[PDB]
Amino acid sequence: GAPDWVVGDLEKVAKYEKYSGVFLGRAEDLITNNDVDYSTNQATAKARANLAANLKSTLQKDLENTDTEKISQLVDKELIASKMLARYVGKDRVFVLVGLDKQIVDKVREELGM
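Convert by adding 1265 to the 1-based position in the sequence shown; the result is the number in the numbering used here.
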């Protein structure tokens, strides 16, 4: 059946050895016009938007050590580097998993003073 990442708790799946080097994001897109390619591209873009959103909130939480709108801009600048990791096609929708190297995330915290 479907891989663990499609329906699983992403905070738990991120602990797998396979994903130890990446920050994850996931999204789905309903197939219309029988075009799986279109929903694959849409789900990939939404998967990157999901990765960016969860990375921002994680970096805000880390600020328990102006801030808000400036992690927002520094993660959005790095999002170009994220990779498609996997695709799973369900009954009527496409799921996509993307990842961003943690070293790239390590660099972003330094710009913040972490």
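For each residue, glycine too, the CB sits at the ideal point set by N, CA and C.
8 Å contact criterion, which residue 1365 and residue 1312 should meet: CB distance rounded
The residue labelled residue 1365 in the question sits at position 100 within the sequence shown. The residue labelled residue 1312 in the question sits at position 47 within the sequence shown. Between the beta-carbon of residue 1365 and that of residue 1312 there is about 11 Å, and that puts the pair past the 8 Å contact cut.
Buried or exposed (CB count within 10 angstroms, at least 16 for buried), residue 1304
Along the sequence shown, read from residue 1 onward, the residue named residue 1304 stands at position 39. It counts as buried.
Would you mind giving the Cβ-Cβ distance between residue 1358 and residue 1296, rounded to the nearest angstrom? I have them listed as a contact below 8 Å.
Translated into the one-based positions of the sequence shown, residue 1358 becomes position 93. Translated into the one-based positions of the sequence shown, residue 1296 becomes position 31. Separation of the CB atoms of residue 1358 and residue 1296 is rounded to 6 Å, and the pair is thereby assigned contact status at 8 Å.
Measuring only the C-alpha atoms, how far is residue 1290 from residue 1310?
Looking up residue 1290 in the sequence shown gives position 25. Looking up residue 1310 in the sequence shown gives position 45. So the two alpha carbons sit approximately 10 Å from each other.
Relative to the C-alpha of residue 1338, which candidate in 1321, 1287, 1276, 1349 has its C-alpha closest?
The residue labelled residue 1338 in the question sits at position 73 within the sequence shown. That would be 1321, whose Cα lies nearest to the Cα of residue 1338.
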